[PDB]
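Asks: Below is the structure I would like to discuss, written out as structure tokens.
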Amino acid sequence: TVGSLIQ
Amino acid sequence: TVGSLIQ
Amino acid sequence: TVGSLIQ
Amino acid sequence: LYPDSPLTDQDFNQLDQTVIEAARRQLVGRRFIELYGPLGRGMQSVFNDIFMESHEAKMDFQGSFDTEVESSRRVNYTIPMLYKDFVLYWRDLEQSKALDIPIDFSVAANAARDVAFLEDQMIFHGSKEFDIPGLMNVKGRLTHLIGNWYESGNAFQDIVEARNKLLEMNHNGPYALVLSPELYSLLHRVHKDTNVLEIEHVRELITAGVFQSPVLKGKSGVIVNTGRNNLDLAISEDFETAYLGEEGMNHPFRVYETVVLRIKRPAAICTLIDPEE
Amino acid sequence: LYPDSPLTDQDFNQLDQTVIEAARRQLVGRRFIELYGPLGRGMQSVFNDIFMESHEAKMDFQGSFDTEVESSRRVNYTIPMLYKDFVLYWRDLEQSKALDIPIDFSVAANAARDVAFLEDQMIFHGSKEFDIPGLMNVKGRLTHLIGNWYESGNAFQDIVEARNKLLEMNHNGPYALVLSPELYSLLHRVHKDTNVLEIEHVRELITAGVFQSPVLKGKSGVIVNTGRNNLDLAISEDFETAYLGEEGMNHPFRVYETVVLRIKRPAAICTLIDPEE
Amino acid sequence: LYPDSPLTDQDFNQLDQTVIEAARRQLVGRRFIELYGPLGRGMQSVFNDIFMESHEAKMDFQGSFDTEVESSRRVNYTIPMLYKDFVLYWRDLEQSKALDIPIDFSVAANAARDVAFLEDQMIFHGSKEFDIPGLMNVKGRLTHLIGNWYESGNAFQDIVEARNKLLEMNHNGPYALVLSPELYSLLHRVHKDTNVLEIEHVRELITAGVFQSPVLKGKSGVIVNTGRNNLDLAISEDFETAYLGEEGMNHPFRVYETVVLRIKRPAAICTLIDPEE
Amino acid sequence: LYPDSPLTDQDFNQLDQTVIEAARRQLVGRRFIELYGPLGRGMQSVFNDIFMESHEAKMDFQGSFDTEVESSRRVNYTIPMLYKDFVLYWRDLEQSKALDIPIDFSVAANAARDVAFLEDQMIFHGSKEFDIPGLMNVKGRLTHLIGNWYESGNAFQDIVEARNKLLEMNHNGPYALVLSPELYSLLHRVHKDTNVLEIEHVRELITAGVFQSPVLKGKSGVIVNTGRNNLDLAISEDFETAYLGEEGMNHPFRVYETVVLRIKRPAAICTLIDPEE
């Protein structure tokens with residue numbers, strides 16, 4: 001459950 | 001038995 | 001049956 | 001997949017889109033720090049091992065009879081919560097429903113900006129009520145002072161001397177630079193007798209990106225190498241929304257996030273403080 | 001699976017994932033050098049017959065029943081160890097197994113990055129423990145001075161004479177240039193009177209990578225041509241991790257790989273030295 | 001396929017590939033010169049015929065009766081063999097199957113390095129023992145001075161003058177250029193005030209591969225135009241690896257090649273000669 | 001081997017029973033030195049640990065947790081070859097082939113006699129080309145000076161000094177003793193009014209033999225402690241014979257043997273240096 005990773 | 005083998 | 005022919 | 005709300009579930013996940021779509025546009029802290037997976041709800045503390053000492057390998061012969069390891073110095077941390085709340089009115093939600101206009105959530109995208117900037121201070125200057133150290137507040141951080149950044153070309157000179165203090169303590173590889181908005185404007189000058197832009201003349205040596213964040217002050221700057229073993233962003237929940245009920249007659253909400261910044265090896269950070277004093 | 005293995009099998013491959021992924025982004029030695037066959041456990045010595053001259057003859061009619069061969073210069077080498085160790089704690093493994101998160105390995109990557117730097121320091125300088133000659137200390141290696149590699153376009157002009165000295169010794173083909181990070185910035189300026197970058201004038205002239213290795217001094221660089229029967233890397237064992245006996249209550253470890261470079265023909269190297277001291 | 005050998009049929013084919021991989025990488029004679037058919041071993045002498053500025057045509061209306069052909073001046077050349085021999089040792093070959101390592105073959109590439117280099121020394125300078133002339137020894141070859149094209153823009157100006165001297169004798173067609181390495185490195189500067197290297201303006205004026213070779217010692221260079229009706233070399237047997245028994249618990253070998261060069265029209269060669277006087 | 005060599009499989013052993021039985025009369029090298037195993041043909045290089053330090057055992061009721069070991073200082077050697085070749089005769093082999101008498105190999109006993117003396121040249125002085133140290137050339141080897149080895153009873157006095165010089169370094173056990181043929185022709189003799197044979201007073205202290213080797217050409221000798229734990233020689237291939245070819249019309253052969261001696265503790269050798277200069 002990961003929502004917002006950019007890099 | 002290898003496993004790095006960089007060009 | 002020639003060995004090595006380069007252009 | 002939602003129990004009860006004044007929104008359709010087809011409409012509710014449009015709100016989860018725009019709360020992360022206007023969040024990754026703003027974030028610069030997560031740009032070069034590989035964070036973690038999730039941690040679930042049942043974890044309110046994290047451990048980090050401040051190593052503070054590192055050395056090379058050995059190559060002698062068939063082996064040795066000991067395990068030469070570094071020190072650990074285990075420190076316990078706690079996980080804060082960063083949040084911001086917004087309100088979504090009745091009589092505009094009702095008015096958009098009667099004559100079928102798609103509802104705007106442009107308060108929520110404004111709300112996830114402020115929770116992604118309040119997150120960006122604790123990753124640089126660090127908290128105080130939980131005393132989590134920031135990226136410019138740790139002990140043993142290899143400081144470096146400079147001055148007069150814009151005369152001819154000494155901008156590029158001023159950081160090769162900075163990485164040499166970071167290279168002699170056995171830290172190399174992929175680097176990263178974060179500059180304040182005052183310093184980033186000065187780096188777009190044209191180079192003398194190189195005849196290329198000075199920012200492009202330095203982006204091949206740092207090799208994983210220069211950045212610009214408004215969380216810094218005026219004359220400042222931080223160069224740190226990336227990867228794991230040096231930096232970590234242990235996380236427990238990402239940007240989730242939550243209903244709060246029908247208090248009064250309108251509908252409020254709350255976005256929240258739970259992060260910490262654990263620094264493992266503090267000797268692999270540098271600091272361009274740049275004073276005149 | 002041979003040992004008693006405090007880790008199970010499905011996450012033991014995550015250690016073999018991390019220890020070889022963090023090694024790939026740091027290994028510049030074998031990015032242009034041909035690689036020998038894995039000799040196995042049963043060989044712990046190697047030789048190389050150093051050739052240095054020409055000895056051209058035999059332009060006559062049929063027959064001439066004789067035999068004339070060349071000079072050997074045989075020497076034997078011993079394969080070194082190149083190990084580095086690390087440690088995993090219990091009561092941190094059981095915690096990651098209880099609430100079911102995947103285990104961290106942010107200390108195995110520091111062990112993998114450490115061995116892959118000493119393995120790169122050995123090949124470019126040689127070891128005095130076993131008299132293995134490095135890539136810059138080998139005997140008869142065609143040195144060449146530099147003379148102000150800074151400005152106006154005598155950087156690309158200085159490569160062509162260094163390319164020329166390999167050409168007079170009947171050596172050509174795919175060259176490969178490895179030079180220091182402080183000199184790699186000097187191939188970024190525009191070439192005079194043509195307004196093209198100088199590194200585009202030399203990527204057509206070397207035909208392999210113009211690399212950049214951090215294990216070097218200031219003004220220094222080396223140009224060599226690749227291939228087998230010129231120089232190669234005798235390998236015996238790749239990056240395998242070994243489980244030491246769980247001493248006390250914790251679980252230590254050790255990564256290791258045993259490798260040695262052998263130079264067959266030392267005349268096919270050229271070294272940019274710049275002696276200005 | 002063999003009569004008999006101390007090797008394996010799958011392995012003796014690998015020796016034949018090491019000797020022709022390291023041949024194509026070396027010689028420059030058979031790159032711009034058309035080949036003759038493989039005559040086998042039945043031929044032992046070849047016949048060529050010089051022509052030297054032949055006759056004219058007719059412009060009649062109805063024809064004529066007698067046939068008028070030009071002169072021949074037949075000279076009979078003889079075919080030599082060029083060779084160099086190498087040995088595979090008794091101890092090292094027998095050890096490589098006791099612990100299952102594929103055999104080294106770096107001696108064979110060092111032996112094909114020789115016999116291909118001596119094959120260029122025969123075509124560019126001629127063998128005195130058999131009296132066959134080279135490309136710088138032939139009788140009547142349009143010599144032309146170079147006038148020290150060193151630093152100015154007379155590099156392009158001088159080899160367009162050689163192409164003019166050869167064009168006024170009705171020799172059009174794709175010319176080729178072979179230069180000394182002292183001159184080939186000199187040709188890589190920028191053309192004066194016209195933003196291109198000299199080597200790109202030249203290669204459209206020649207269009208069949210300006211080459212180089214270290215067999216030209218001083219400052220020199222030849223320029224020919226190709227064509228099987230003008231210049232070719234007669235092959236009879238290419239690089240085969242013979243076997244010579246065994247003397248002293250060792251296995252010798254021999255690589256060999258039989259070829260001559262017969263020039264037909266000597267007014268197709270032009271020679272840059274460098275009077276430094 | 002058998003490439004249809006002109007000897008059957010049955011009378012080839014009579015060539016080996018002549019070599020292996022005429023060699024062991026002449027060999028005083030391996031009469032007090034323990035053999036290593038047959039290393040085979042996968043081995044060309046051996047290691048040996050030069051200890052040069054000692055310790056002692058312990059005595060208690062239960063075991064101790066710690067572990068005590070020594071230092072090694074590994075040195076690598078190569079394995080030289082030793083040959084000498086003979087030649088049989090057609091019209092002399094063909095007599096015994098056609099008359100069915102046993103073919104003589106009396107030349108082969110003379111050939112194998114020389115390679116035994118060349119072994120004792122190597123095992124007592126060390127080959128200088130492969131730098132392997134001899135039994136008289138090793139470093140740290142307990143010198144001792146002698147005087148006037150001719151008078152009545154001046155030998156057993158002069159040999160009890162060298163034992164006690166070696167006994168204080170805690171090396172007590174069966175000592176061997178090799179003497180130059182001048183000394184062995186001077187130890188037991190006839191005297192003036194003393195009539196002591198002077199060897200039965202020395203045979204009891206020594207109890208591993210007093211030999212006589214003609215390799216020590218001056219007048220000197222050594223006292224060595226025996227044992228596998230102190231020094232041993234390594235065989236890669238024992239006394240073998242082979243068949244070269246058929247040069248002319250006769251048959252040559254070659255005896256050969258590959259031996260290197262490795263010392264482990266050089267402080268258990270005492271050399272009678274003989275001041276005579």
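Order determines the names: the first chain of the structure tokens is A, the second B, and so forth; residues in each chain are numbered 1 upward, and ligands are numbered 1 upward as they are shown.
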Could you pull out all residues of stretch 22-220 of chain G with a DSSP call of strand (DSSP E or B) and give them as number ranges by chain?

Replies: G: 34-38, 45-49, 74-78, 82-87, 143-144, 175-179, 210-212

Asks: Superposing chain F on chain E by least squares with every Cα paired in order, what RMSD results?

Replies: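 The optimal C-alpha superposition leaves an RMSD of 1.0 Å.
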
Asks: Please provide as number ranges by chain all residues within 10 Å of residue F:127, with the sequence filter that same-chain residues fewer than 6 positions apart are discarded (counting only C-alpha atoms).

Replies: E: 59-60; F: 80, 121, 133-134, 260

Asks: Once you have the residues from the selection above, write them out as a compact mmCIF listing (two decimals), in the first residue's frame, restricted to N, CA, C and O atoms.

Replies:
# COMPACT_ATOMS: atom_id res chain seq x y z
N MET E 59 60.60 -15.16 -45.38
CA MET E 59 60.08 -14.75 -46.68
C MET E 59 60.77 -15.50 -47.82
O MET E 59 61.26 -14.87 -48.77
N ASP E 60 60.85 -16.82 -47.76
CA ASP E 60 61.59 -17.56 -48.78
C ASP E 60 60.71 -18.62 -49.45
O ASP E 60 59.48 -18.63 -49.31
N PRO F 80 56.02 -17.02 -53.68
CA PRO F 80 56.67 -17.44 -52.43
C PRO F 80 55.64 -17.80 -51.37
O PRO F 80 54.44 -17.59 -51.54
N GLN F 121 54.59 -5.85 -45.81
CA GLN F 121 55.93 -5.41 -46.15
C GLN F 121 56.34 -5.88 -47.54
O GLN F 121 57.23 -5.28 -48.14
N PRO F 133 58.13 -6.20 -57.81
CA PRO F 133 58.15 -4.81 -57.35
C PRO F 133 56.92 -4.44 -56.54
O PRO F 133 55.82 -4.95 -56.74
N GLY F 134 57.13 -3.52 -55.60
CA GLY F 134 56.08 -3.06 -54.72
C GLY F 134 55.34 -1.86 -55.28
O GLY F 134 55.47 -1.49 -56.44
N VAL F 260 51.32 -13.23 -54.37
CA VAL F 260 52.13 -12.24 -55.06
C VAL F 260 51.26 -11.03 -55.37
O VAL F 260 50.04 -11.08 -55.27

Asks: I need the chain D residues near chain A as a PyMOL selection string; criterion: at most 7 Å, counting only C-alpha atoms.

Replies: chain D and resi 20+24+30-32+38+238-239

Asks: Write out the residues from the selection above, keeping C-alpha atoms, as an mmCIF file, in the first residue's frame.

Replies:
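The file below, selection-v2.cif, is the result:
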data_model
loop_
_atom_site.group_PDB
_atom_site.id
_atom_site.type_symbol
_atom_site.label_atom_id
_atom_site.label_comp_id
_atom_site.auth_asym_id
_atom_site.auth_seq_id
_atom_site.Cartn_x
_atom_site.Cartn_y
_atom_site.Cartn_z
ATOM 1 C CA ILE D 20 -1.533 12.879 -5.204
ATOM 2 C CA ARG D 24 4.212 14.864 -6.697
ATOM 3 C CA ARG D 30 11.374 12.313 -2.138
ATOM 4 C CA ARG D 31 13.194 13.105 -5.384
ATOM 5 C CA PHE D 32 16.533 11.484 -4.508
ATOM 6 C CA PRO D 38 5.018 0.668 3.906
ATOM 7 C CA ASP D 238 1.145 7.808 2.247
ATOM 8 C CA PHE D 239 -1.253 10.617 1.349
#

Asks: Quick one: residues within 12 Å of stretch 66-76 of chain G, only C-alpha atoms counted, chain neighbours fewer than 6 positions away excluded, as a VMD selection string?

Replies: (chain D and resid 60 to 62 64 to 66) or (chain E and resid 44 to 46 75 to 79 129 to 130) or (chain G and resid 44 to 58 130 to 133 260 262 to 265)

Asks: Select all residues from chain F having any atom no more than 9 Å from an atom of chain G (counting only C-alpha atoms, ignoring ligands), output as a ChimeraX atom specification.

Replies: /F:91,94-99,245-249

Asks: I'd like the interatomic distance between atom CA of residue E:257 and atom CA of residue E:136, to a tenth of an Å.

Replies: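 Distance between the two atoms: 22.9 Å.
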
Asks: If you measure from atom CA of residue F:181 to atom CA of residue F:195, what distance in Å do you get, rounded to one decimal?

Replies: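 Separation between atom CA of residue F:181 and atom CA of residue F:195: 23.6 Å.
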
Asks: For residue D:11, please output as a short mmCIF file (atom, residue, chain, number, x, y, z; two decimals) with C-alpha atoms, in the first residue's frame all residues within 12 Å (counting only C-alpha atoms; exclusion window: fewer than 3 positions along the same chain).

Replies:
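This went into result-v6.cif:
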data_model
loop_
_atom_site.label_atom_id
_atom_site.label_comp_id
_atom_site.auth_asym_id
_atom_site.auth_seq_id
_atom_site.Cartn_x
_atom_site.Cartn_y
_atom_site.Cartn_z
CA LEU D 1 -14.70 0.02 -1.19
CA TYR D 2 -15.89 2.80 1.12
CA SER D 5 -19.79 9.11 2.53
CA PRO D 6 -21.65 11.90 0.69
CA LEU D 7 -19.86 10.90 -2.51
CA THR D 8 -20.06 8.13 -5.06
CA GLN D 14 -11.23 11.03 -8.26
CA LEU D 15 -10.38 12.82 -5.02
CA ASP D 16 -7.54 10.38 -4.34
CA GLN D 17 -6.23 11.19 -7.82
CA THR D 18 -6.02 14.95 -7.42
CA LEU D 93 -22.07 19.89 -3.84
CA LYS D 97 -25.58 17.41 -8.44
CA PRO D 102 -18.53 17.68 -12.52
CA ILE D 103 -17.45 18.83 -9.07
CA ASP D 104 -14.17 20.69 -8.63
CA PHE D 105 -11.86 19.55 -5.84
#
